[PDB]
file input_28.cif (mmCIF, C-alpha atoms and all ligand atoms)
data_input
#
loop_
_atom_site.label_atom_id
_atom_site.label_comp_id
_atom_site.auth_asym_id
_atom_site.auth_seq_id
_atom_site.Cartn_x
_atom_site.Cartn_y
_atom_site.Cartn_z
CA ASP H 79 -38.02 28.60 -8.62
CA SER H 80 -40.14 26.50 -6.28
CA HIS H 81 -38.68 23.17 -7.29
CA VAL H 82 -37.76 20.47 -4.75
CA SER H 83 -35.97 17.42 -6.18
CA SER H 84 -37.44 14.00 -5.48
CA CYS H 85 -39.06 11.00 -7.13
CA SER H 86 -42.75 10.84 -7.97
CA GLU H 87 -45.54 9.02 -6.12
CA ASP H 88 -44.81 5.27 -5.94
CA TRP H 89 -41.16 5.64 -6.91
CA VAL H 90 -38.21 5.30 -4.54
CA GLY H 91 -35.30 7.73 -4.55
CA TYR H 92 -31.73 6.64 -3.87
CA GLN H 93 -28.38 8.01 -5.10
CA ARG H 94 -29.97 10.35 -7.69
CA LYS H 95 -32.07 7.61 -9.26
CA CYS H 96 -35.78 6.81 -8.95
CA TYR H 97 -36.77 3.15 -8.70
CA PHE H 98 -40.01 1.29 -9.33
CA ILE H 99 -40.77 -2.30 -8.34
CA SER H 100 -43.43 -4.23 -10.26
CA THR H 101 -46.47 -5.90 -8.68
CA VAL H 102 -46.86 -8.48 -11.49
CA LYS H 103 -44.56 -10.91 -13.30
CA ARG H 104 -43.92 -10.45 -17.05
CA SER H 105 -41.29 -11.28 -19.67
CA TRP H 106 -38.09 -9.24 -19.77
CA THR H 107 -39.28 -7.47 -22.94
CA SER H 108 -42.74 -6.66 -21.54
CA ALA H 109 -41.03 -5.39 -18.37
CA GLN H 110 -38.69 -3.15 -20.39
CA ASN H 111 -41.76 -1.84 -22.24
CA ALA H 112 -43.54 -1.12 -18.97
CA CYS H 113 -40.51 0.82 -17.69
CA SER H 114 -40.28 2.83 -20.93
CA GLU H 115 -43.95 3.83 -20.63
CA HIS H 116 -42.87 5.71 -17.52
CA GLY H 117 -39.65 7.20 -18.83
CA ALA H 118 -37.42 4.55 -17.26
CA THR H 119 -35.56 1.39 -18.22
CA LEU H 120 -35.11 -1.90 -16.45
CA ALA H 121 -32.79 -1.00 -13.56
CA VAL H 122 -29.19 -0.07 -14.40
CA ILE H 123 -26.53 -0.52 -11.74
CA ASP H 124 -23.76 2.03 -11.59
CA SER H 125 -22.12 1.23 -8.24
CA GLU H 126 -21.73 -1.18 -5.32
CA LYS H 127 -24.14 1.10 -3.43
CA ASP H 128 -26.70 0.75 -6.23
CA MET H 129 -26.15 -3.01 -6.19
CA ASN H 130 -26.56 -3.32 -2.42
CA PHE H 131 -29.67 -1.18 -2.53
CA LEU H 132 -31.22 -3.09 -5.46
CA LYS H 133 -30.66 -6.52 -3.91
CA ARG H 134 -32.34 -5.40 -0.68
CA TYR H 135 -35.17 -3.59 -2.51
CA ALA H 136 -35.77 -6.75 -4.63
CA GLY H 137 -36.34 -8.95 -1.58
CA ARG H 138 -36.63 -12.73 -1.87
CA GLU H 139 -38.27 -12.92 -5.33
CA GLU H 140 -36.44 -12.80 -8.67
CA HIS H 141 -36.61 -9.38 -10.39
CA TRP H 142 -35.55 -8.57 -13.94
CA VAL H 143 -32.98 -5.75 -14.27
CA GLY H 144 -31.58 -3.85 -17.27
CA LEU H 145 -28.78 -6.07 -18.42
CA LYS H 146 -28.96 -8.24 -21.52
CA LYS H 147 -26.60 -10.10 -23.86
CA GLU H 148 -27.06 -10.23 -27.64
CA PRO H 149 -25.04 -12.61 -29.86
CA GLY H 150 -21.97 -10.86 -31.31
CA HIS H 151 -22.25 -7.95 -28.88
CA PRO H 152 -20.96 -7.45 -25.37
CA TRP H 153 -23.25 -7.38 -22.34
CA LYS H 154 -24.96 -3.96 -22.25
CA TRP H 155 -26.94 -1.97 -19.67
CA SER H 156 -30.26 -0.54 -20.80
CA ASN H 157 -28.75 2.99 -20.61
CA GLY H 158 -26.22 2.19 -23.36
CA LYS H 159 -23.22 1.64 -21.08
CA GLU H 160 -21.31 -1.56 -21.85
CA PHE H 161 -21.14 -3.83 -18.83
CA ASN H 162 -17.53 -4.22 -17.64
CA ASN H 163 -18.30 -7.50 -15.91
CA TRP H 164 -17.54 -6.10 -12.45
CA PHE H 165 -19.83 -8.74 -11.02
CA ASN H 166 -20.52 -12.33 -11.99
CA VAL H 167 -23.67 -13.37 -13.83
CA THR H 168 -24.34 -17.07 -13.44
CA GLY H 169 -26.64 -19.34 -15.42
CA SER H 170 -26.91 -19.80 -19.14
CA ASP H 171 -29.41 -17.19 -20.35
CA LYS H 172 -29.56 -13.75 -22.04
CA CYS H 173 -31.55 -11.77 -19.47
CA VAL H 174 -30.42 -10.85 -15.98
CA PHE H 175 -32.43 -10.91 -12.74
CA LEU H 176 -31.49 -10.43 -9.12
CA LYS H 177 -32.78 -11.00 -5.66
CA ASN H 178 -31.38 -10.27 -2.25
CA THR H 179 -29.08 -13.32 -2.41
CA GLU H 180 -28.31 -13.81 -6.11
CA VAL H 181 -27.52 -12.23 -9.45
CA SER H 182 -28.11 -14.63 -12.31
CA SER H 183 -29.76 -15.09 -15.73
CA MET H 184 -32.99 -16.68 -16.95
CA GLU H 185 -34.83 -17.24 -20.23
CA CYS H 186 -36.10 -13.81 -21.32
CA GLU H 187 -39.64 -15.04 -21.98
CA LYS H 188 -40.09 -16.22 -18.38
CA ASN H 189 -42.43 -14.12 -16.22
CA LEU H 190 -40.62 -12.42 -13.33
CA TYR H 191 -41.21 -9.31 -11.31
CA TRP H 192 -39.00 -6.39 -12.38
CA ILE H 193 -37.37 -3.18 -11.22
CA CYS H 194 -37.14 0.03 -13.25
CA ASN H 195 -34.94 2.99 -12.59
CA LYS H 196 -34.19 6.38 -14.08
CA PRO H 197 -32.05 9.38 -13.21
CA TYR H 198 -33.55 12.38 -11.54
CA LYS H 199 -32.55 16.04 -11.33
CA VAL K 82 -32.87 21.67 -3.20
CA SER K 83 -33.72 17.99 -2.66
CA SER K 84 -36.32 16.25 -0.46
CA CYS K 85 -33.83 13.66 0.91
CA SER K 86 -30.12 13.03 1.19
CA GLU K 87 -28.78 11.02 -1.76
CA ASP K 88 -27.64 8.49 0.91
CA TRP K 89 -31.12 8.15 2.42
CA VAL K 90 -33.99 6.34 0.71
CA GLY K 91 -37.03 8.42 -0.23
CA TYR K 92 -40.39 6.68 -0.28
CA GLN K 93 -43.93 7.93 0.07
CA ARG K 94 -42.86 11.37 1.34
CA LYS K 95 -40.46 10.11 4.01
CA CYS K 96 -36.67 9.83 3.94
CA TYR K 97 -35.30 6.59 5.39
CA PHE K 98 -31.90 5.79 6.84
CA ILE K 99 -30.95 2.14 7.19
CA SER K 100 -28.04 1.61 9.56
CA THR K 101 -24.88 -0.32 8.78
CA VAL K 102 -24.01 -1.12 12.40
CA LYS K 103 -25.97 -2.73 15.26
CA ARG K 104 -26.84 -0.75 18.40
CA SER K 105 -29.32 -0.67 21.27
CA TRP K 106 -32.78 0.80 20.73
CA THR K 107 -31.91 3.89 22.75
CA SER K 108 -28.56 4.33 21.01
CA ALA K 109 -30.33 4.00 17.65
CA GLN K 110 -33.01 6.52 18.65
CA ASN K 111 -30.28 8.99 19.65
CA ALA K 112 -28.53 8.42 16.30
CA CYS K 113 -31.72 9.19 14.37
CA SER K 114 -32.31 12.38 16.39
CA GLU K 115 -28.84 13.62 15.39
CA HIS K 116 -30.16 13.72 11.81
CA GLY K 117 -33.56 15.28 12.29
CA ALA K 118 -35.24 11.89 12.37
CA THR K 119 -36.72 9.32 14.73
CA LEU K 120 -36.71 5.54 14.66
CA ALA K 121 -39.12 4.65 11.82
CA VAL K 122 -42.82 5.42 12.25
CA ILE K 123 -44.97 3.22 10.04
CA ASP K 124 -48.13 4.81 8.79
CA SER K 125 -49.50 2.39 6.23
CA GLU K 126 -49.42 -1.12 4.76
CA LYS K 127 -47.27 0.26 1.96
CA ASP K 128 -44.74 1.64 4.44
CA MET K 129 -44.77 -1.66 6.31
CA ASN K 130 -44.41 -3.91 3.28
CA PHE K 131 -41.54 -1.81 1.98
CA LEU K 132 -39.70 -1.84 5.33
CA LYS K 133 -40.09 -5.57 5.93
CA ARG K 134 -38.85 -6.36 2.44
CA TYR K 135 -35.83 -4.00 2.64
CA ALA K 136 -34.88 -5.12 6.19
CA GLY K 137 -34.50 -8.66 4.87
CA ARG K 138 -33.32 -11.51 7.13
CA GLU K 139 -31.83 -9.12 9.70
CA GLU K 140 -33.73 -7.60 12.62
CA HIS K 141 -34.09 -3.79 12.48
CA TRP K 142 -35.28 -1.58 15.33
CA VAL K 143 -38.24 0.68 14.49
CA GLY K 144 -39.85 3.56 16.39
CA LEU K 145 -42.27 1.73 18.62
CA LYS K 146 -41.92 1.04 22.31
CA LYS K 147 -44.28 -0.24 24.95
CA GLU K 148 -43.89 0.60 28.62
CA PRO K 149 -46.06 -1.55 30.90
CA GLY K 150 -48.85 0.71 32.18
CA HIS K 151 -48.75 3.05 29.18
CA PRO K 152 -50.40 2.98 25.72
CA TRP K 153 -48.33 1.95 22.72
CA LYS K 154 -46.48 4.96 21.44
CA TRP K 155 -44.63 5.77 18.25
CA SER K 156 -41.34 7.67 18.52
CA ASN K 157 -42.99 10.87 17.35
CA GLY K 158 -45.41 10.71 20.31
CA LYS K 159 -48.33 9.46 18.23
CA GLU K 160 -50.33 6.75 19.99
CA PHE K 161 -50.28 3.40 18.13
CA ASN K 162 -53.66 1.68 17.57
CA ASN K 163 -52.35 -1.84 17.08
CA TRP K 164 -53.32 -2.05 13.38
CA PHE K 165 -50.56 -4.65 13.08
CA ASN K 166 -49.60 -7.33 15.61
CA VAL K 167 -46.29 -7.34 17.49
CA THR K 168 -45.29 -10.77 18.77
CA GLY K 169 -43.54 -11.35 22.11
CA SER K 170 -43.72 -9.18 25.23
CA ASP K 171 -40.51 -7.13 25.25
CA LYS K 172 -40.58 -3.32 25.22
CA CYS K 173 -38.81 -2.48 21.95
CA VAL K 174 -40.09 -3.35 18.49
CA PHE K 175 -38.08 -4.60 15.52
CA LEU K 176 -38.99 -5.98 12.11
CA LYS K 177 -37.56 -8.14 9.33
CA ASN K 178 -38.98 -9.71 6.18
CA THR K 179 -40.85 -12.43 8.02
CA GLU K 180 -41.81 -10.83 11.31
CA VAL K 181 -42.71 -7.86 13.42
CA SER K 182 -41.73 -8.60 16.96
CA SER K 183 -40.15 -7.34 20.17
CA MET K 184 -36.82 -7.73 21.98
CA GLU K 185 -34.89 -6.46 25.00
CA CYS K 186 -34.02 -2.84 24.26
CA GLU K 187 -30.38 -3.41 25.17
CA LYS K 188 -29.80 -5.85 22.29
CA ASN K 189 -27.70 -4.58 19.41
CA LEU K 190 -29.70 -4.63 16.18
CA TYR K 191 -29.59 -2.68 12.95
CA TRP K 192 -32.14 0.13 12.80
CA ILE K 193 -34.17 2.35 10.51
CA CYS K 194 -34.88 6.11 10.89
CA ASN K 195 -37.37 8.22 9.03
CA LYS K 196 -38.28 11.84 8.67
CA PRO K 197 -40.45 13.86 6.31
CA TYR K 198 -39.33 14.87 2.79
CA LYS K 199 -37.85 18.36 2.92
CL CL D 201 -46.65 -3.28 -11.81
CL CL D 202 -47.91 -12.04 -11.08
CL CL D 203 -20.47 -1.62 -15.87
CL CL D 204 -24.83 3.28 10.53
CL CL D 205 -51.07 4.05 14.55
NA NA D 206 -32.64 9.76 -1.79
#
call {"tool": "encode", "arguments": {"input": "input_28.cif", "output": "structure tokens"}}
result
Amino acid sequence: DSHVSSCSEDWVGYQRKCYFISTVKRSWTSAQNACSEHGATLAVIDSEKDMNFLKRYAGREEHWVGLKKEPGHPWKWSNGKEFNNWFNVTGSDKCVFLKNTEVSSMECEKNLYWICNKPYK
Amino acid sequence: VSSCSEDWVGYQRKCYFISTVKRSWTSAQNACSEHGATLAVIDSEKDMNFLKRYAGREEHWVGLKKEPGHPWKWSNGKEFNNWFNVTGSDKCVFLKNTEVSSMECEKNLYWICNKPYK
């Protein structure tokens, strides 16, 4: 078995996930679609480490991540885990973005950069 | 078997460590060597853009040092051909999201190590 575990070309490995940062701005839905084309979702955040890493990786520009609120349902991560509201999401919109100094929400149809992630083994 | 520690950041075939405390350039270099690494060597625009972005507002030492009288040298002994500019005239190089510059080696700054994927 010659396997060595890592992320693929152009993905970034941290804490057993592989991350991808977009080079263009698109709607939250288009971004989710782009992540799914590569076996990922908009980034899910499982820990304070993940959060600290994501904020730094995002840099100064707003980046969509995998957290969305539907009427009549709780906030949910793109991996199916319900969000336990362990951090605050400001604003007044359904789709979540972050940058190195903020986690907030914006109209889903707005074009923003995005970050995907996915587990690796 | 994995290419990098789960606590390091793997990108473009190198594993990166980003420090959580500030130390002198020499102290930082010694710290990297204790983990099979050197202060970060930057091989491409991609590497550079990633590092600057991740560093953020805070200065981070990288693996470049200029002794008056000697060529620019990376921490792995590779000569540096000045494909990016370093502002200032101090010996030790740091970067952050908005600059690549130099500072007195004794200053305490955060730092970044790298080493090849296993
Ligand atoms: Cl892209
Ligand atoms: Cl764009
Ligand atoms: Cl959660
Ligand atoms: Cl540290
Ligand atoms: Cl060079
Ligand atoms: Na890693």
call {"tool": "interface_residues", "arguments": {"input": "input_28.cif", "of": "chain K", "to": "chain H", "cutoff": "6 Å", "atoms": "only C-alpha atoms", "output": "PyMOL selection string"}}
result
chain K and resi 82-84+87+90-92+134-135
call {"tool": "closest_atom_pairs", "arguments": {"input": "input_28.cif", "of": "chain H", "to": "ligand CL 201 (chain D)", "cutoff": "6 Å", "atoms": "only C-alpha atoms and all ligand atoms", "output": "Markdown table"}}
result
| residue | atom | partner | partner_atom | distance |
| --- | --- | --- | --- | --- |
| H:100 | CA | D:CL201 | CL | 3.7 |
| H:101 | CA | D:CL201 | CL | 4.1 |
| H:102 | CA | D:CL201 | CL | 5.2 |
call {"tool": "residues_around", "arguments": {"input": "input_28.cif", "residues": "region 141-153 of chain H", "least_positions_apart": "5", "cutoff": "10 Å", "atoms": "only C-alpha atoms", "output": "count of residues only"}}
result
45
call {"tool": "residues_near_ligand", "arguments": {"input": "input_28.cif", "ligand": "ligand CL 204 (chain D)", "cutoff": "12 Å", "atoms": "only C-alpha atoms and all ligand atoms", "output": "compact mmCIF listing (two decimals) with C-alpha atoms, keeping the file's coordinate frame"}}
result
# COMPACT_ATOMS: atom_id res chain seq x y z
CA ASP K 88 -27.64 8.49 0.91
CA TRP K 89 -31.12 8.15 2.42
CA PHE K 98 -31.90 5.79 6.84
CA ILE K 99 -30.95 2.14 7.19
CA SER K 100 -28.04 1.61 9.56
CA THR K 101 -24.88 -0.32 8.78
CA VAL K 102 -24.01 -1.12 12.40
CA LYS K 103 -25.97 -2.73 15.26
CA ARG K 104 -26.84 -0.75 18.40
CA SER K 108 -28.56 4.33 21.01
CA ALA K 109 -30.33 4.00 17.65
CA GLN K 110 -33.01 6.52 18.65
CA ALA K 112 -28.53 8.42 16.30
CA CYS K 113 -31.72 9.19 14.37
CA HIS K 116 -30.16 13.72 11.81
CA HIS K 141 -34.09 -3.79 12.48
CA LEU K 190 -29.70 -4.63 16.18
CA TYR K 191 -29.59 -2.68 12.95
CA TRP K 192 -32.14 0.13 12.80
CA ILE K 193 -34.17 2.35 10.51
CA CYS K 194 -34.88 6.11 10.89
call {"tool": "atom_distance", "arguments": {"input": "input_28.cif", "atom1": "CA of residue 184 (chain K)", "atom2": "CA of residue 171 (chain K)"}}
result
5.0 Å
call {"tool": "closest_residue", "arguments": {"input": "input_28.cif", "among": "H:197, H:111, H:79, H:140", "to": "residue 157 (chain H)", "atoms": "all atoms listed in the file"}}
result
H:197
call {"tool": "residues_around", "arguments": {"input": "input_28.cif", "residues": "region 144-155 of chain K", "least_positions_apart": "2", "cutoff": "12 Å", "atoms": "all atoms listed in the file", "output": "CSV table (one decimal) with C-alpha atoms, keeping the file's coordinate frame"}}
result
chain,number,residue,atom,x,y,z
K,106,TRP,CA,-32.8,0.8,20.7
K,107,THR,CA,-31.9,3.9,22.8
K,109,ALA,CA,-30.3,4.0,17.6
K,110,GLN,CA,-33.0,6.5,18.6
K,111,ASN,CA,-30.3,9.0,19.6
K,113,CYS,CA,-31.7,9.2,14.4
K,114,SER,CA,-32.3,12.4,16.4
K,118,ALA,CA,-35.2,11.9,12.4
K,119,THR,CA,-36.7,9.3,14.7
K,120,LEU,CA,-36.7,5.5,14.7
K,121,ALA,CA,-39.1,4.6,11.8
K,122,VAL,CA,-42.8,5.4,12.2
K,123,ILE,CA,-45.0,3.2,10.0
K,124,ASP,CA,-48.1,4.8,8.8
K,141,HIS,CA,-34.1,-3.8,12.5
K,142,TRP,CA,-35.3,-1.6,15.3
K,157,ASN,CA,-43.0,10.9,17.4
K,158,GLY,CA,-45.4,10.7,20.3
K,159,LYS,CA,-48.3,9.5,18.2
K,160,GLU,CA,-50.3,6.8,20.0
K,161,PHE,CA,-50.3,3.4,18.1
K,162,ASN,CA,-53.7,1.7,17.6
K,163,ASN,CA,-52.4,-1.8,17.1
K,164,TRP,CA,-53.3,-2.0,13.4
K,165,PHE,CA,-50.6,-4.6,13.1
K,166,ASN,CA,-49.6,-7.3,15.6
K,167,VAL,CA,-46.3,-7.3,17.5
K,169,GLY,CA,-43.5,-11.4,22.1
K,170,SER,CA,-43.7,-9.2,25.2
K,171,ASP,CA,-40.5,-7.1,25.2
K,172,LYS,CA,-40.6,-3.3,25.2
K,173,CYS,CA,-38.8,-2.5,22.0
K,174,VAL,CA,-40.1,-3.4,18.5
K,175,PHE,CA,-38.1,-4.6,15.5
K,176,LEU,CA,-39.0,-6.0,12.1
K,181,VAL,CA,-42.7,-7.9,13.4
K,182,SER,CA,-41.7,-8.6,17.0
K,183,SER,CA,-40.2,-7.3,20.2
K,184,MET,CA,-36.8,-7.7,22.0
K,185,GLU,CA,-34.9,-6.5,25.0
K,186,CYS,CA,-34.0,-2.8,24.3
K,192,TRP,CA,-32.1,0.1,12.8
K,193,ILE,CA,-34.2,2.4,10.5
K,194,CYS,CA,-34.9,6.1,10.9
K,195,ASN,CA,-37.4,8.2,9.0
K,196,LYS,CA,-38.3,11.8,8.7
call {"tool": "atom_distance", "arguments": {"input": "input_28.cif", "atom1": "CA of residue 167 (chain H)", "atom2": "atom CL of ligand CL 203 (chain D)"}}
result
12.3 Å
call {"tool": "closest_residue", "arguments": {"input": "input_28.cif", "among": "H:116, H:98, H:128, H:164", "to": "ligand CL 203 (chain D)", "atoms": "all atoms listed in the file"}}
result
H:164
call {"tool": "atom_distance", "arguments": {"input": "input_28.cif", "atom1": "CA of residue 130 (chain H)", "atom2": "CA of residue 198 (chain K)"}}
result
22.8 Å
call {"tool": "closest_residue", "arguments": {"input": "input_28.cif", "among": "H:187, H:198, H:165, H:180", "to": "ligand NA 206 (chain D)", "atoms": "all atoms listed in the file"}}
result
H:198
